[PDB]
Ligand code: NA
Ligand code: NA
């Protein structure tokens, strides 16, 4: 199973900061055929980001439209992503679910549009503080909402976002692992044992240079969707933890 | 004040098609100091489209929270950083498909004007609302949600979108003219006479080569936000109508 370290820059950065950050990223020697390394910048920063990054770094977009091409203002369709050579998209990130009101129905439709247009999909999900001893219940409902559409278990990457860890609570690798194995059990029951063992499951909580080793060494944790720490040059040490 | 023919490509285009399309656009010999022409590509096509278009063409993005943890969004700060001139706010598709309110429209313009972005702000009533004689009611509520934020009345552009004629019904140039005058009346009452004669009110309904002449020559119609007709080389004829 190939490891998958993803940087989600969210709504952050300038031309100068990307030039500085991508140059620091470039300096790390790693084998792209042994380790997947993906950076997700802002839509309007994509062209700039793709130019500055070396080809060992994969790239993608932080969202994709639930519709196709046509009269859908302010949206990026999966066709346009495929035409521009965009390899990855993120779908169902907690901030889109929370602020922009993306439902499990929208995540499914976004996944269908991505896979039909030969895009790889980083699919996010996870439970709140109040919900955590209902964790398995919630994650089962979220995974099953899209999981049957997965046509290739190398091109779809699951992300566990513990929303229970802007609350004050801190998640341990042990708590991550327990959920991770249950996510893989959900894939086993729905899509089969062979396909549950193919798929990458990322940890999309608070990841930094100190906790990534203890996390990535866990059995069912296959990489990260890293937020704030990926805006630092020290993001290379999080990539190093998966080498 | 100057005419203002804008191209809203919505969620359409490819690298090659835009390459062919922007070459037709550059082929038109016009005076940018006399007439503003703006192109609103998809966020990931912006860098591509800008570099293909000559300086006489202005450019913007179709949609605009500050910098932070807002996955899949483009803030006004980032838009400023990339020297993006215009943004579209409150287009009916965003109001419809993504539940954008009069509060979001107000907050986006406040953010846009704070970062020296120019804004093409859209509004309009449905068939149900026009049936109940609420055309001026609905426009007044939508306009008065944002019009007090307008500093320079060159740098904010109003777009009347007749949602009722987007349905089966077909808006005549005389019906569009009656509404455009009331919008200017609203602006004059709230902002002043000199401000109402500065501001542009664009017809954001169905515009093509068949009807552009009859709409453009109406007294209070100051240009267009053009949809599918702006995806063709014949868009130059729609620009010619405003010259
Ligand atoms: Na592992
Ligand atoms: Na006129």
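What follows draws every value from the coordinates through simple rules; no lab data is involved. As a convention, Cβ positions derive from the backbone with ideal geometry for all residues, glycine included, and neighbour counts pool all protein chains shown.
With the convex hull of the Cα atoms taken as the outline of the protein assembly as shown, the averaged projected area works out to 23.3 nm².
Projected label points at residue A:15 and residue B:233, each 7 Å from Cα along the beta carbon direction, are separated by 3.3 nanometres.
From least to most packed, judged by other beta carbons within 10 angstrom and beginning with the fewest, B:71, B:167 follow the order B:167, B:71.
Model label sites at residue B:191 and residue A:217, defined 7 Å from Cα along the beta-carbon direction, differ in position by 6.3 nm. Each of A:79, B:73 has some number of other Cβ atoms within 10 Å of its Cβ, and from fewest to most they run A:79, B:73.
Peptide B:92-100 is shielded by partner chain Cβ atoms: per residue, an average of 4 of them sit within 10 Å of its Cβ. Set the Förster distance to 22 Å, then compute FRET efficiency between residue A:87 and residue B:80 from the Cβ-Cβ distance, nearest 0.05. Plugging the Cβ-Cβ distance into 1/(1 + (r/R0)^6) gives 0.15. For the peptide B:81-90, the mean number of other protein chain Cβ atoms found within 10 angstrom of a residue's Cβ is 2.
In this entry, the range B:55-120 is assigned a mean projected area of 4.8 nm², taken as a quarter of its C-alpha convex hull surface. The share of alpha-carbon pairs in the range A:1-112 lying farther apart than 19 Å comes to 50%. Note: chain B, Cα convex hull, 121 Å³ per residue. For the protein assembly as shown, give the share of DSSP beta bridges that are antiparallel, in percent and rounded to the nearest 5; count only bridges with both residues there. The antiparallel fraction comes to roughly 5 percent. Peptide B:40-52 shows a mean partner chain C-beta count of 5 within 10 Å per residue C-beta.
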